[PDB]
Structures are given as structure tokens and as C-alpha cells.
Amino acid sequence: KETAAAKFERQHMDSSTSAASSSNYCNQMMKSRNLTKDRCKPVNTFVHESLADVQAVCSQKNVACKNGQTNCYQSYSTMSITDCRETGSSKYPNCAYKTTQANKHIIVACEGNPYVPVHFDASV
């Protein structure tokens, strides 16, 4: 079992490290958060901010989700994130990723009560 909101923290939150760790961050993180379990998840983003900072984006700038829903919110501030991007030669079960660190605004979809992030939509 697993709530959508737990899944968001599992998939997208890394507050313990405040930037990317190293060339191997993505390889390590995609495995340990279990994003290489069934296949090689081709792309994923990690957010190095506090939980409370990320959850607060649910009350920041309301924008359209890529799927046309209306419950997406963009961060007023840039955030430290790491994009993990599965390489060409990555072959499951040996999933291999390029680690890009950047500071970008994030876009998340929020739901529930409390109203919290359930989906990482984009970064800009």
C-alpha cells in the first residue's frame, strides 16, 4: 500500500542533500527510492528543499498541469533539484542515469486534505 503523497516524497523529495551529491547520485537514488524496481523509470526529479517548503508550493502560483487539469502550482522561488535522465546504454536491470543539478522553479499537482503535492509535473 502507499498514498499518493508518500509516493511523491519517495519519488521526489531528497531534503538530506542540499545539491546533487556526485556523478553517481542518480544511479544511487533511482535504485534506493525504488524507481528501478520494475523497469528503468526513464526520467525523475529530486528536490533538495525542506518538506514544508515543497508542500507550501500547493498555495503558490496556480498554473495548468500538462494533462490539462487545473490543480498544478509553480514555486515563487527557484529550488535546488536534480534531474535524473536514463542514458542510451542503460539496460534494465542495470539502470544507468545522467545526474543534472540545477536551480529551477518546480511545478507540482496537489490534492487531498491536507492539500499536498501528489505529482511532479515540470521544472522551469
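All residue numbers refer to positions in the sequence shown, first residue = 1. Between two forms, the rigid core is defined as the largest C-alpha subset superposing within 1.5 Å.
Outlying stretch relative to shown form, 45 to 53 versus 31 to 39 in 6 other deposited structures of this protein, C-alpha RMS (core): It is 31 to 39 that deviates more in 6 other deposited structures of this protein.
Say the other structures are aligned on the rigid core; which stretch then has the higher CA RMS in 6 other deposited structures of this protein, 79 to 87 or 65 to 73? The more displaced stretch in 6 other deposited structures of this protein turns out to be 65 to 73.
Segment of higher mean CA temperature factor, 61 to 69 or 39 to 47: Mean C-alpha B-factor is greater for 39 to 47.
21 to 29 set against 109 to 117, stretch whose average Cα temperature factor tops the other in the entry: The deposited B-factors put 21 to 29 ahead on the C-alpha mean.
By the entry's C-alpha temperature factors, tell me which of 90, 80, 77, 55 sits highest. Comparing C-alpha B-factors across 90, 80, 77, 55, the maximum falls on 90.
Lowest, middle or highest third - CA B-factor, residue 100: Highest third, going by the recorded CA B-factors of the chain.
Can you tell me which third, lowest, middle or highest, the CA B-factor of residue 15 falls into for its chain? Its C-alpha B-factor, which the entry lists for residue 15, ranks in the middle third among residues of this chain.
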